[PDB]
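Asks: Numbering (the numbering used here), first residue to last: 1064 to 1111.
The structure follows.
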């Protein structure tokens, strides 16, 4: 609770460290190329 109201350490929960930030290997792929487990196909566009 109330003790610092900011904390000395940031206490980062998660910031998609595993992902390559943006896997632009997906970007450019057609629907067939775009693997769903790999990349999210949305709006006729393959994107990580």
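We put the beta carbon where it would ideally sit given N, CA and C, even for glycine.
1. For residue 1103, which residues does DSSP report across the bridge?
2. If you check the beta carbons only, do residue 1111 and residue 1067 fall under 8 Å apart?
3. So residue 1109 and residue 1095 are supposed to be a Cβ contact under 8 Å. How far apart are they, rounded?
4. Taking the C-alpha atoms as reference points, what is the distance between residue 1079 and residue 1087?
5. Between which residues of its own chain and residue 1064 is the CB-CB distance below 6 Å, once the five residues before and five after are set aside?
Replies: Let me spell this out:
1. 1110
2. no
3. Between residue 1095 and residue 1109 the Cβ distance is about 10 Å, and since that is not below 8 Å, they are no contact.
4. 15 Å
5. none
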